[PDB]
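**Q** Before anything else, here's the structure in question.
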Number of protein chains: 2
Amino acid sequence: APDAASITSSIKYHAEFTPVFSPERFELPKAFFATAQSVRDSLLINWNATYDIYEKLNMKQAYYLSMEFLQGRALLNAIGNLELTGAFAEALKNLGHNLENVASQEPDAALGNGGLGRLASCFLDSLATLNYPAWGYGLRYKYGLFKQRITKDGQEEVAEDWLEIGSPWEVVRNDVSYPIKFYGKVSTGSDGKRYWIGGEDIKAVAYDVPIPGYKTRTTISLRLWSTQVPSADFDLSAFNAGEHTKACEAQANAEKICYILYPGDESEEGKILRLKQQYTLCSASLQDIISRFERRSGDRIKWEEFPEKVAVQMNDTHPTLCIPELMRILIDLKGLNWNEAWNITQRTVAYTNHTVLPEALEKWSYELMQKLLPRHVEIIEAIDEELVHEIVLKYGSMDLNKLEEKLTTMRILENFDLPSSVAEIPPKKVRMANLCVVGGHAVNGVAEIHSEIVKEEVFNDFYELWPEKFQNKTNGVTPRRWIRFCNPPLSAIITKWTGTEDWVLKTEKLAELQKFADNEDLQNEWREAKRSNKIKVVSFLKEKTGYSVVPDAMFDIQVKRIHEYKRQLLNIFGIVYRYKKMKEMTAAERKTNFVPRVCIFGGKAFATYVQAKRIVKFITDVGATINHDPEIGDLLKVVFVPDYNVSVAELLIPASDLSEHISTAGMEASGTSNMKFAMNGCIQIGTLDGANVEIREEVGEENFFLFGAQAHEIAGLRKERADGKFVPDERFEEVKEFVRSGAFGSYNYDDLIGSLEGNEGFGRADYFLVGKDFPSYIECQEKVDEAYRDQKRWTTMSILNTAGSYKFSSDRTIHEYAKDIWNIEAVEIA
Amino acid sequence: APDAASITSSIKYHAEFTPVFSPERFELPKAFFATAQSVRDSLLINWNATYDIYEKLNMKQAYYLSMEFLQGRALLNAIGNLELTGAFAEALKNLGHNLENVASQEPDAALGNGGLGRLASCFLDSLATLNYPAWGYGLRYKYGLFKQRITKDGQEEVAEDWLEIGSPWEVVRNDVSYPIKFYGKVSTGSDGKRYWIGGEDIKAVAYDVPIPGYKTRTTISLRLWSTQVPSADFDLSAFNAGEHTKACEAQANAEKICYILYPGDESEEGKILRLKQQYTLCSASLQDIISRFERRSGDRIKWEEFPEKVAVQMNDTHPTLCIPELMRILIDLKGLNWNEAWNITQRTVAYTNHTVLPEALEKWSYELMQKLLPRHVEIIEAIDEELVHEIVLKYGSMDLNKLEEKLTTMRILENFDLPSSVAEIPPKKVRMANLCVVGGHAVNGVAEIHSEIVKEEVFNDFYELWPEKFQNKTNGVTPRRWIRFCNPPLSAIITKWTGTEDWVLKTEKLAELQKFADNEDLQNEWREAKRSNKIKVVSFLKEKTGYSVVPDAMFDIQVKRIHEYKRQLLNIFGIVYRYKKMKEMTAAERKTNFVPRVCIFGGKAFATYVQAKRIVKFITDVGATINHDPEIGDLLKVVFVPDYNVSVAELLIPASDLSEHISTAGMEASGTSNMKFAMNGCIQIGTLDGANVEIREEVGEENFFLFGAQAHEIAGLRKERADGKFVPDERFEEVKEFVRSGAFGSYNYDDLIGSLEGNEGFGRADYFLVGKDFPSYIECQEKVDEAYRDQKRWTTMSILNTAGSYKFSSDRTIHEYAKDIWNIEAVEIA
Ligand SMILES: OC[C@H]1O[C@H]2O[C@H]3[C@H](O)[C@@H](O)[C@@H](O[C@H]4[C@H](O)[C@@H](O)[C@H](O[C@H]5[C@H](O)[C@@H](O)[C@@H](O[C@H]6[C@H](O)[C@@H](O)[C@@H](O[C@H]7[C@H](O)[C@@H](O)[C@@H](O[C@H]8[C@H](O)[C@@H](O)[C@H](O[C@H]1[C@H](O)[C@H]2O)O[C@@H]8CO)O[C@@H]7CO)O[C@@H]6CO)O[C@@H]5CO)O[C@@H]4CO)O[C@@H]3CO
Ligand SMILES: OC[C@H]1O[C@H]2O[C@H]3[C@H](O)[C@@H](O)[C@@H](O[C@H]4[C@H](O)[C@@H](O)[C@H](O[C@H]5[C@H](O)[C@@H](O)[C@@H](O[C@H]6[C@H](O)[C@@H](O)[C@@H](O[C@H]7[C@H](O)[C@@H](O)[C@@H](O[C@H]8[C@H](O)[C@@H](O)[C@H](O[C@H]1[C@H](O)[C@H]2O)O[C@@H]8CO)O[C@@H]7CO)O[C@@H]6CO)O[C@@H]5CO)O[C@@H]4CO)O[C@@H]3CO
C-alpha cells in the first residue's frame, strides 16, 4: 500500500543505492531515474505475481509478434494504472520537483514508427488491463528509426539517443539467451532427419519491459530481443596485428540487427539485414515460447496440445518466418511428422493484414532467402507443393487455363516450374503474404471495408477455398493513455457527467454524454478544458518551433507520415489559398471572412524520398512568411512540429480543435490517430476512407467534415487526366502561380509543382488528385470556418465526437481477438 | 550495524528488485550478483561519507595514475575489510549457499596484467586502510589482456568475458564525461593564445570502483575511464545505404581505446592506439582532478595552491603526457604564464621507475606524436629548449665535446638540431622517461639497489643536476589480501601466537613469531595450516589441468610472465635432469634420493613470442610424460596451471612450500610475488636479484636458497661465450640430449635447444646463462631436498619467512610515498 511517505523514501533510496549519477544534488535526470526505479519496484512485484500464476495454472497464452512497438513514455501511464499518480506527485513535491517536469525527462522508447507499432502498444495495455494471458515480442532497437530535426533547410535525420544512458524500465534476463543461425547448409543424417549445420551463429538475449494493467495486478511482458555474440568471438590476433575493424567484425555483424528499424534495403546488405531481423524475431520468440510450453508441461509433453496452449499473432507479414521456423523446430528438433507439425502450426499461427493494395505485400528473392535460410526455403517449397496438389484436387483439371491462373495467383513461389503440370529470365520470388494465408488458421483486416477488400480483391481465391479463415478486427486505441492520462481536464469532466470514473474501463459510458451535448454548463467546462490543453501547447511550440501563437484560435492539426498520398500538400495548398485571399483584402474583411487558426503539421519523411522532404521544406517556408507577415498577425500561424512521436501526440491531441485525415480516398486501411482525436473531442475533416467511415458513422455525419472523391470514383478520374480531359479549377492554378511568383521562397519548388502537372509519367500528373479534390476541400474548410463561429454548434460537435468514440477502445478490439482468434480467457491475479 | 538477518533480507531484496536474471530459482550466478549488490550498498554509504568529508575539508589529495590495476575479485576483501565475513557467510547459509562457492562465481576484474598493476591495487588497499585521501585513475578495459587456455598445443589466447554480464561493483557516473581531442591543428588567436581546433572528438565517462579500507570507513575510488561518442555520430545515411561498417566507424574508433590492454604496436595503427590510450588516461584524469580543484576552491581560485592540493603519481612512463597536458590546460585554458604553469606542473607530478636497463624506457616517433597531439609536441619542444639552456648555463661552454655528450643523453628530443649550438637520415624521437625526470619534482625506484641504479646508470646526468629529486620506495603487498583473506588457517595461527589480531594493521608484530620458530606446538599448527591450504589446490589442479596430485609432497611453484629472462627453462631443465636420474635408478633408490614434489608452473606468454610459447608447450609435454609414467607415481608431478591471475595466486601462494624466482641476476627491479610467498611461509629459491636481496636479508640467509652468478659477474660471462671460452657442464648436455632423444615429444624442440647453443647471434648463444647457472641450480635443489627431509628445520625456515616479511607491507610503502613525495595527511571518517 505505497503512500507519499514510502514513495519518497523509495526515490531517495534509489538515488543513493542504485545511482547512475554523481552524489551531488538532485537534478531532473537523477530525479527521473530514481522515480522510474521506484515505479519499477512495484511493476516487478506484480510482474512476478502474474508470471507465477500463469506458470502454475498453465492456461493458453497469446503472443503478439511485431517488428515495431510505439511504447512512448512509460512513467505517467505506469503510475496511472497503478493508481499512484497522487502519491508520486506528492513525493516529488517533497523532494523539490513536480511530476510533469520529471516525466518530461523520460525519452520516448524508440521501438517503433507508426500506427502499426502503436496498435501493438495499445493492445498490450488492453491485454494487461483485461487480465488476458498474453505477451508481446519485439526487437530492442538501439537508435529507433531516426530523430527528426527541422532546420532552415527542412528535415534532417539523426540517430536516437534514448539508450545513451539506458532504460530504467527494462529488465535484462542474462539467462534467457537463444542461438540464431544464418547461412550454412542442410544435410541428411543416417537417422533420416535433416541437420542444418554451419553458417553464422549469434545469440538473442531477452529484455523484459513490464506492461501494467489499469486497476489490476496483471502485469504482462513486452519481451525484446537484443542480438550479440560471446566475448570469445573477438579476434585478438587481428586486433593486436592492427586490424582493429576486422577483429570487431563478428560482433558488429551480430549487433547491427538491432541498430535501427526498417534499415534501407536498396542494397543487398540492407535486404539481408532485414531478413535477419525478421528471422531473429521469429526464431528467438518461438524458441522462448516452446521452452515455456515444455516447462509447465512437466513430465507428460503432448505436442498436440501446443495450439490449445499457444497462440501466435503475426502483426503484418514481418513475422511470416514463424510458419517455416515452427515447422523446422517441430520436425527437426522435436521429431514430429509433417502432418502433425503442419496441423499444430496452422492452429497456432494467425495473420493480420494492414494493406489495401496487393502490391505492397512482401516478396523476397528466392536465391537470397535460400542462401540465408536454406532449411526454411525447403519447408516453404514443401508447403507450396502441398497447396498445388490441394488446388488441383479441389478445382480439378477439366477447365484448365483458368486452373493455371488460380495457381499463378495463389502459389507461394513466383516464377516456379510446378511438380507435374498437365500443361501439354523472370526472377524467382517468395510471396510472404500468401505463406501467411496458408500457414495460419485466421486472416483479419483492421476495418470493416478493409476486411471485405481482403476477401474480395487481394485474397479472393484463398477466400473461395477457406472462407472460414477470414475475419475483421476493427482497430482501437487505449482510453487509458489517450484520454485518462493525456487529458486530465477532460477526464474530470467525463467522471463528473457520467457520475463515475468506471468509464476508463467501461468506455461505452461515454455515450451518456450525448444527452448533455447542448447543456450550457457542460459546454463551458468543455471549452475551458480544451483551452487549458492549448496553453501547454503554446509554450511547446515556442520552444520547439520558435513561433509564438495564441490560444483563442482553431488548432488545425495534420500529424502523420509525410507522403504524397497522405496529401499534406492539399492541406498546405488550402492554407496558401486562404493566405492569398487574405492579403487581397482589408483588415476588417479578413476578420469577417476567416477565423483565427494555428495550423500544425507533424510527421517524418523517408530520408531518400525527395518530394516528401521538399514538402516539409515548403510547409516550413510557408510558415516563415505567414508567421512574420504583420498584416496577418494572429489570424493565421503555420508551424511544423519537429520529431512527431507518442509524447507529441499526447500533447497536441487534447488541444486539437480540427484534425485532418485527407488521404486520397481508398488507400488507407484504418488509421488510429483519428480515433484518438475523436476521443478528445476533436472534429475531423477527412475523405471517406479508412476509419473515417466508421468514426463518421458513430459520431454522426453532422459532426464530421467530409469532402472529395470516393473509392469508387478514383479509377475513372485517373482515366480522366489520362486521355487528357481533366480541367483544373482556377483557384488551384492561382495557388500554383502564387508559389512560382517566389512569394514564400528563394527556394525553387518547380519540381514540387511539377508532380502536379502533365497527364502521364512516374512522379507526375497529380496521381493523388490534389487538384481534383482541391475545390471540395477549400469549400469544406469555409464550412469549418462557419461552424467555428457558432461556438454553441461547434462545442456540441466536439462533445458528440467524444460521446461516439467508445467503440474505438482497444479493449473492444482485444476482447474480439481474444475470443474469436486466440481463444484465451481472462486470468485473475489476486 | 548489518547482521546475518539484515544481510539475508538485503540479498533477497536485490535478487528480486535489482535482477539481472529470470525469477525462477536461486542459482550461483544470481546469488553472487545479489550478494555483491548487498556488499555494494555498504560500500556506497562509506564512499559517500568519505567523498563528503574530502569535499568539505579540502585537504591535499593524491592521484595514482596507472595503465593497469590488477584488482582481482572484490567480494571476500570487501566483506573482509567491512568485517562482515561472518554475517554474509551465515546469510548465504540461510539462502542455501556457502560463501566460497558464491565468491568463485566472481570473475577477476581484467583491468591489469602483472606486478605493475598489482602494485597499484595493493596501494589502493593501503591508501584506504590508512585513511589517506587518494584515488586511483585507470582505463576500464573490456577484454583485459587475454584469457589463457592450455591445450594439447599449449597456450591459446581468448578475449576476457568479465563484463559479458557486467560488473556488480562499478558505479557509472553519466554526468562525469570529459572531451578528449586527437589530431587537428593549432592556431594563434588575436588575443595571442593558442587554440587547438579540429581533429577527432570523443568522450571519456567515469566508472567508480569503491575501494574500502580495513577496519575503517575510508572508502576511496578507483575511477576508470570508458571512451565513447554521442549517438548522433552514428551515420544513418551510410547505414541505410548498406555501408553498415562505415556507419559504425566513429564509435568503433572511439571505443577500441578501452578494448584491450597493451594492444599490439608493431603496426602504425597499434602505436596510434597506444598513444590514444595514454592521452585519454592523462587528459580525462587531469580534467576531473582540475574540476575538483576548482570546486572546493569556491569563489577564490588561487592556482598557486594547486600543488598544495594535488599530487599526481605517474606509475611508469605511461602517464607521461600528464606533464604536457597539465601545461596545456594551465596555459591555454586557465590563462597562466609559462613559468607559473611549469612551477605548478613540477610541484604536482612525480615519477616511478620500474626498469633496470635504459633501453626499455619509452620513446615515440616525433612525426606520429606531433600528428596526434600537435599542441603537446609544441609544449615538449619548449620544455626541451629550456633544458638545453639550463645545461649550457650550469656546465658552461668551456669543455665542449663533453657538453655535447651531456645534451645528447639528457635532451627529451632525439636527433634534433639545437637552438643556437656553438659547435663551429636518423629518425626523430621523443624520450618519455627524460620528460618525466624533467617535469616532475620526484623520481623513485622500487628497491634499494634499483633506486641506486637509477641515479648511477640510467639517469646519471640528471642525478648530477637535481640530486634532491631521486628517492627509493621499496615495493609492498597488502597483508589484508595476501595474508588475512587468502590464508585463514595461517591468520588464525598469527592471531593466536601474537596474542592479538592487530597484526593485520600493525604487521611488524609478525616479528614476534621469531622467538617461537622452534616451538613444536606452533610447528605442528603451521604444518597443518600449510597442508590444509594444499588440499584446496589438489582439487583445483584436478579440474583445471586434469592431473591428480597428492598433498604430502613439496609444492614447488614458479608463477610469472613466461619469458626467457625469467628462466622457466632453467627450472624445467632441473626437473628433467632429476627425472632422468630417477628412471636410471631402482624404486628404493628414488625414494631415498628425491623427496615427493608437485612442480607447478603458471604465467602467460606474449602471443607472438615464438620461444615463450614453445616453452609453455615444453612444460606441458614434460608433465604429460612424467605424470603418466608409472615408475614415477606420486614422486614427481609437473603441472602448468592455466590463466594465472590474482585469484590463482590467492590459491597457490598459501599452499606453496618452495617458490622459484630465478631470473638472470640483475634484470629484475623488485618483484612482489616473492613478498607474498614469504608472507605465507613459503621458502624462496632464487638468484641474488631484485627484491630477493631485501627478502633474503630480512628473513635470514639460512632461510633462503641462493644460487647462480651475480650482477657484477654477468658482463664477464657474456664476454666468455663470446671469444669462445665457455665450457658446458656434462649434466646440462645430458638434459639437452635427453630432449633430442624424443623422450617427451613427437614435438620438435630443436629450435628451443637452438637458443642455448652457439656463441653469437640474436636469439641464440644462451644469452640468459641457463647453462652457466644450471650447475649451481641443481646443486641448490639437492640442498632443498635435504632441508625438506628435516621437517623440524624446514618448518623453522617457513616460520622465519613469515616472521621477516613485515616490512614488505604496502602500508609501509604508502606511508613513505605519503610523507616523502605527495605530502598528504590521514583523514578520519567518523
Ligand atoms: O524519379 C522517380 C523515380 O524514377 C524512376 O525512373 C524511371 C524509370 O527507370 C523508367 O522505367 C520509367 O518508369 C516506368 C516504371 O518502370 C514502371 O513500373 C511504371 O509503371 C506504372 C506502374 O503501374 C506504377 O508505377 C504507376 O505509377 C504510380 C504509382 O503506382 C504510385 O504509387 C505513385 O508513385 C509514388 C510512389 O508510391 C512513392 O513511393 C514515391 O516514390 C518515390 C521513390 O523514391 C521511388 O520509387 C522513385 O524512384 C525514382 C527512380 O529513379 C526510378 O524508379 O521516386 C519516387 C519519387 O516520386 O512517389 C511516387 C510518385 O509518383 O504515382 C505513380 C504515378 O506514375 O504507373 C506507372 C506508369 O507510369 O511506368 C514508368 C513509366 O514512366 O520512368 C521513371 C521516371 O523517370
Ligand atoms: O628471430 C628473432 C628476431 O630476428 C630478427 O631478425 C634478424 C635481424 O633482421 C638482423 O639485423 C640481425 O639482428 C641484429 C640486430 O639488428 C641488432 O640490433 C643486434 O644487436 C645487438 C643488440 O645489442 C641486442 O639485440 C643483443 O641481443 C640480445 C638482446 O639484447 C636480449 O634482450 C635478448 O633478446 C631477447 C629479447 O629481449 C626478447 O624480447 C625476445 O625477442 C623476440 C621478439 O619477438 C623479437 O624482438 C625478435 O624478432 C625477430 C625478428 O625477425 C628480427 O628482429 O624475436 C625474438 C625471439 O627470440 O627474445 C630475444 C632472445 O634473444 O638476447 C639477445 C641475444 O642476441 O645483441 C645484439 C647482437 O647480436 O644484432 C643482431 C645481429 O644478429 O639478426 C636477426 C636474427 O636473424
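Order determines the names: the first chain of the C-alpha cells is A, the second B, and so forth; residues in each chain are numbered 1 upward, and ligands are numbered 1 upward as they are shown.
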Residues within 12 Å of ligand 2 (only C-alpha atoms and all ligand atoms), as an NGL selection string?

**A** :B and (264 or 266 or 357-360 or 562-567 or 605-615 or 664 or 667 or 718-719 or 721-722 or 751-752 or 754-769)

**Q** Quick one: residues within 9 Å of region 22-32 of chain A, only C-alpha atoms, excluding same-chain residues fewer than 3 positions away - as a VMD selection string?

**A** (chain A and resid 11 to 12 15 to 16 19 35 to 37 92 95 to 97 101 to 106) or (chain B and resid 48 51 172 to 176)

**Q** Can you list, as a ChimeraX atom specification, every protein, DNA or RNA residue that comes within 6 Å of region 649-662 of chain A when you count only C-alpha atoms, leaving out same-chain residues fewer than 4 positions away?

**A** /A:486-487,530,533-534,554-558,677,680,682-687

**Q** Near residue 461 (chain A), counting only C-alpha atoms, which residues have an atom at most 8 Å away, once you skip same-chain residues fewer than 2 positions from it, shown as a PDB file with N, CA and C atoms, in the first residue's frame?

**A**
```pdb
ATOM      1  N   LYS A 406      -5.328 -19.792 -61.372  1.00  0.00           N
ATOM      2  CA  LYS A 406      -5.550 -19.978 -59.947  1.00  0.00           C
ATOM      3  C   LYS A 406      -4.273 -20.425 -59.240  1.00  0.00           C
ATOM      4  N   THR A 409      -1.788 -17.139 -59.081  1.00  0.00           N
ATOM      5  CA  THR A 409      -2.126 -16.107 -58.109  1.00  0.00           C
ATOM      6  C   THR A 409      -1.954 -16.612 -56.674  1.00  0.00           C
ATOM      7  N   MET A 410      -2.126 -17.926 -56.449  1.00  0.00           N
ATOM      8  CA  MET A 410      -2.192 -18.476 -55.100  1.00  0.00           C
ATOM      9  C   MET A 410      -0.865 -19.096 -54.658  1.00  0.00           C
ATOM     10  N   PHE A 459      -7.110 -11.406 -51.665  1.00  0.00           N
ATOM     11  CA  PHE A 459      -7.010 -12.838 -51.411  1.00  0.00           C
ATOM     12  C   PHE A 459      -8.314 -13.517 -51.816  1.00  0.00           C
ATOM     13  N   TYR A 463     -10.021 -16.933 -50.292  1.00  0.00           N
ATOM     14  CA  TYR A 463     -11.307 -16.747 -49.640  1.00  0.00           C
ATOM     15  C   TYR A 463     -12.282 -17.813 -50.133  1.00  0.00           C
ATOM     16  N   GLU A 464     -12.217 -18.113 -51.440  1.00  0.00           N
ATOM     17  CA  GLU A 464     -13.034 -19.154 -52.048  1.00  0.00           C
ATOM     18  C   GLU A 464     -12.734 -20.500 -51.388  1.00  0.00           C
ATOM     19  N   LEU A 465     -11.440 -20.830 -51.252  1.00  0.00           N
ATOM     20  CA  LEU A 465     -11.004 -22.096 -50.675  1.00  0.00           C
ATOM     21  C   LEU A 465     -11.424 -22.202 -49.211  1.00  0.00           C
TER      22      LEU A 465
END
```

**Q** Distance cut-off 8 Å, counting only C-alpha atoms - which residues of chain A neighbour chain B? Return them as a ChimeraX atom specification.

**A** /A:16-17,19-23,41,44,48,143,157-161,164-165,171-176,230-236,239-242,244-245,252,256,263-270

**Q** Please save C-alpha atoms of the selected residues as a JSON list (two decimals), in the first residue's frame.

**A**
```json
[["chain", "number", "residue", "atom", "x", "y", "z"],
["A", 16, "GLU", "CA", 21.72, 6.76, -3.41],
["A", 17, "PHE", "CA", 21.98, 2.97, -3.74],
["A", 19, "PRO", "CA", 22.89, 5.53, -8.77],
["A", 20, "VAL", "CA", 23.76, 6.36, -12.35],
["A", 21, "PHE", "CA", 24.98, 9.87, -11.47],
["A", 22, "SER", "CA", 27.38, 11.62, -9.07],
["A", 23, "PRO", "CA", 26.11, 12.04, -5.46],
["A", 41, "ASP", "CA", 9.82, -1.92, -7.95],
["A", 44, "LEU", "CA", 8.26, -6.17, -10.73],
["A", 48, "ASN", "CA", 6.28, -11.82, -10.76],
["A", 143, "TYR", "CA", 18.65, 4.04, -32.41],
["A", 157, "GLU", "CA", 17.74, 12.84, -39.52],
["A", 158, "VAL", "CA", 19.90, 11.85, -36.54],
["A", 159, "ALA", "CA", 20.09, 8.58, -34.58],
["A", 160, "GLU", "CA", 18.00, 8.24, -31.41],
["A", 161, "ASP", "CA", 19.67, 8.79, -28.04],
["A", 164, "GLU", "CA", 22.51, 6.70, -24.31],
["A", 165, "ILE", "CA", 22.24, 6.45, -20.51],
["A", 171, "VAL", "CA", 14.89, -5.99, -17.05],
["A", 172, "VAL", "CA", 17.73, -7.90, -18.72],
["A", 173, "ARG", "CA", 17.44, -11.69, -18.49],
["A", 174, "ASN", "CA", 21.04, -12.84, -18.84],
["A", 175, "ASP", "CA", 19.96, -16.49, -18.52],
["A", 176, "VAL", "CA", 17.43, -16.05, -21.36],
["A", 230, "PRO", "CA", 30.21, -14.19, -26.91],
["A", 231, "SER", "CA", 33.37, -12.30, -25.93],
["A", 232, "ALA", "CA", 35.42, -15.20, -27.34],
["A", 233, "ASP", "CA", 34.39, -14.24, -30.89],
["A", 234, "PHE", "CA", 36.56, -11.12, -30.51],
["A", 235, "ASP", "CA", 39.63, -11.74, -32.67],
["A", 236, "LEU", "CA", 42.69, -10.83, -30.57],
["A", 239, "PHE", "CA", 43.29, -6.71, -33.19],
["A", 240, "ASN", "CA", 46.90, -6.99, -31.98],
["A", 241, "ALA", "CA", 48.02, -7.09, -35.65],
["A", 242, "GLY", "CA", 46.46, -3.64, -36.13],
["A", 244, "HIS", "CA", 41.04, -3.37, -35.33],
["A", 245, "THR", "CA", 37.96, -3.35, -37.58],
["A", 252, "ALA", "CA", 29.39, -5.87, -35.50],
["A", 256, "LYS", "CA", 23.62, -4.31, -36.23],
["A", 263, "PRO", "CA", 17.05, -0.23, -42.45],
["A", 264, "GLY", "CA", 17.48, 0.91, -46.06],
["A", 265, "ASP", "CA", 17.09, -2.13, -48.32],
["A", 266, "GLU", "CA", 18.04, -0.83, -51.77],
["A", 267, "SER", "CA", 21.35, -2.63, -51.13],
["A", 268, "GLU", "CA", 21.85, -6.40, -50.98],
["A", 269, "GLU", "CA", 23.31, -5.89, -47.50],
["A", 270, "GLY", "CA", 20.17, -3.97, -46.49]]
```

**Q** Show me, as an mmCIF file with C-alpha atoms, in the first residue's frame, the residues that have an atom within 12 Å of residue 217 (chain A) when counting only C-alpha atoms, minus same-chain residues fewer than 5 positions from it.

**A**
```cif
data_model
loop_
_atom_site.group_PDB
_atom_site.id
_atom_site.type_symbol
_atom_site.label_atom_id
_atom_site.label_comp_id
_atom_site.auth_asym_id
_atom_site.auth_seq_id
_atom_site.Cartn_x
_atom_site.Cartn_y
_atom_site.Cartn_z
ATOM 1 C CA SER A 42 6.010 -2.067 -7.990
ATOM 2 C CA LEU A 43 5.914 -3.271 -11.595
ATOM 3 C CA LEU A 44 8.263 -6.166 -10.732
ATOM 4 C CA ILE A 45 6.164 -7.361 -7.759
ATOM 5 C CA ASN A 46 3.107 -7.686 -9.989
ATOM 6 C CA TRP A 47 5.106 -8.945 -12.976
ATOM 7 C CA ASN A 48 6.279 -11.818 -10.760
ATOM 8 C CA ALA A 49 2.806 -12.401 -9.291
ATOM 9 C CA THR A 50 1.402 -12.646 -12.830
ATOM 10 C CA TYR A 51 4.342 -14.770 -14.032
ATOM 11 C CA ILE A 53 0.092 -17.669 -11.616
ATOM 12 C CA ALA A 78 2.652 3.162 -15.099
ATOM 13 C CA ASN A 81 -2.527 2.214 -13.962
ATOM 14 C CA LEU A 82 -1.031 1.553 -10.508
ATOM 15 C CA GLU A 83 -3.204 4.397 -9.137
ATOM 16 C CA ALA A 128 -2.961 -6.412 -19.338
ATOM 17 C CA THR A 129 -5.945 -4.303 -18.228
ATOM 18 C CA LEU A 130 -8.390 -7.068 -19.217
ATOM 19 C CA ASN A 131 -6.332 -9.759 -17.422
ATOM 20 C CA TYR A 132 -5.675 -11.699 -20.657
ATOM 21 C CA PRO A 210 6.705 -4.764 -17.807
ATOM 22 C CA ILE A 211 3.280 -3.612 -19.012
ATOM 23 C CA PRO A 212 0.872 -2.956 -16.084
ATOM 24 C CA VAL A 827 -6.912 -14.776 -15.507
ATOM 25 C CA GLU A 828 -7.243 -13.181 -12.062
ATOM 26 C CA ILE A 829 -4.089 -12.168 -10.158
ATOM 27 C CA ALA A 830 -5.289 -11.779 -6.551
#
```

**Q** Step one, run DSSP on the backbone; step two, keep only residues of region 296-355 of chain B assigned to strand (DSSP E or B); then write them as number ranges by chain.

**A** B: 310-315, 349-352

**Q** With N, CA and C atoms retained, export the selected residues as a compact mmCIF listing (two decimals), in the first residue's frame.

**A**
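Saved the output as part_2.txt:
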```txt
# COMPACT_ATOMS: atom_id res chain seq x y z
N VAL B 310 47.04 19.05 -4.78
CA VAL B 310 47.00 17.95 -5.74
C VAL B 310 48.39 17.34 -5.89
N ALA B 311 48.45 16.01 -5.81
CA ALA B 311 49.62 15.25 -6.21
C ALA B 311 49.21 14.25 -7.29
N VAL B 312 50.07 14.09 -8.29
CA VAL B 312 49.83 13.14 -9.37
C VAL B 312 51.05 12.24 -9.49
N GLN B 313 50.86 10.95 -9.20
CA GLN B 313 51.92 9.97 -9.33
C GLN B 313 51.79 9.25 -10.67
N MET B 314 52.89 9.19 -11.41
CA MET B 314 52.91 8.51 -12.70
C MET B 314 53.54 7.13 -12.51
N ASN B 315 52.70 6.10 -12.56
CA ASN B 315 53.16 4.72 -12.47
C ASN B 315 53.77 4.32 -13.81
N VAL B 349 53.54 16.78 -10.26
CA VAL B 349 53.83 15.49 -10.87
C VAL B 349 55.03 14.83 -10.18
N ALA B 350 55.01 13.49 -10.14
CA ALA B 350 56.16 12.69 -9.76
C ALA B 350 56.17 11.39 -10.56
N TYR B 351 57.34 10.74 -10.61
CA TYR B 351 57.57 9.60 -11.48
C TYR B 351 58.04 8.41 -10.63
N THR B 352 57.65 7.20 -11.06
CA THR B 352 58.13 5.95 -10.50
C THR B 352 58.71 5.12 -11.65
```

**Q** Just to confirm, what's the straight-line distance from CA of residue 666 (chain B) to CA of residue 728 (chain B) in Å (one decimal)?

**A**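 If I compute the distance from CA of residue 666 (chain B) to CA of residue 728 (chain B), I get 22.0 Å.
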
**Q** May I have all residues of region 737-771 of chain A that DSSP, computed from the backbone, assigns to alpha helix (DSSP H), given as a VMD selection string?

**A** chain A and resid 737 to 740 750 to 754 770 to 771

**Q** Suppose you want the space between CA of residue 309 (chain A) and CA of residue 348 (chain A); what is it in Å?

**A** 8.8 Å

**Q** Would you list the contacts of region 579-584 of chain B as JSON, numbers by chain, taking every protein, DNA or RNA residue within 9 Å and counting only C-alpha atoms, but skipping same-chain residues closer than 5 positions in sequence?

**A** {"B": [574, 589, 590, 593, 594, 626, 631, 632, 636, 735, 738]}

**Q** Within 9 Å of residue 811 (chain A), counting only C-alpha atoms, which residues show up once you throw out same-chain ones fewer than 6 positions away? Write them as a PDB file with C-alpha atoms, in the first residue's frame, please.

**A**
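Written output follows (selection21.pdb):
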```pdb
ATOM      1  CA  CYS A 122      -2.362  -0.088 -27.244  1.00  0.00           C
ATOM      2  CA  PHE A 123      -3.051  -3.842 -27.449  1.00  0.00           C
ATOM      3  CA  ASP A 125      -2.297  -2.043 -22.427  1.00  0.00           C
ATOM      4  CA  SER A 126      -5.675  -3.618 -23.162  1.00  0.00           C
ATOM      5  CA  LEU A 127      -4.364  -7.197 -22.795  1.00  0.00           C
ATOM      6  CA  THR A 129      -5.945  -4.303 -18.228  1.00  0.00           C
ATOM      7  CA  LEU A 130      -8.390  -7.068 -19.217  1.00  0.00           C
ATOM      8  CA  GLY A 476      -8.691   0.575 -31.366  1.00  0.00           C
ATOM      9  CA  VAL A 477      -6.681   2.880 -29.103  1.00  0.00           C
ATOM     10  CA  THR A 478      -6.423   2.591 -25.318  1.00  0.00           C
ATOM     11  CA  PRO A 479      -8.586   5.087 -23.335  1.00  0.00           C
ATOM     12  CA  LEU A 505     -12.827   0.560 -18.155  1.00  0.00           C
ATOM     13  CA  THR A 507     -15.876   3.158 -22.028  1.00  0.00           C
TER      14      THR A 507
END
```

**Q** In Å, rounded to a single decimal, give me how far CA of residue 86 (chain A) is from CA of residue 537 (chain A).

**A**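 Those two atoms sit 23.6 Å apart.
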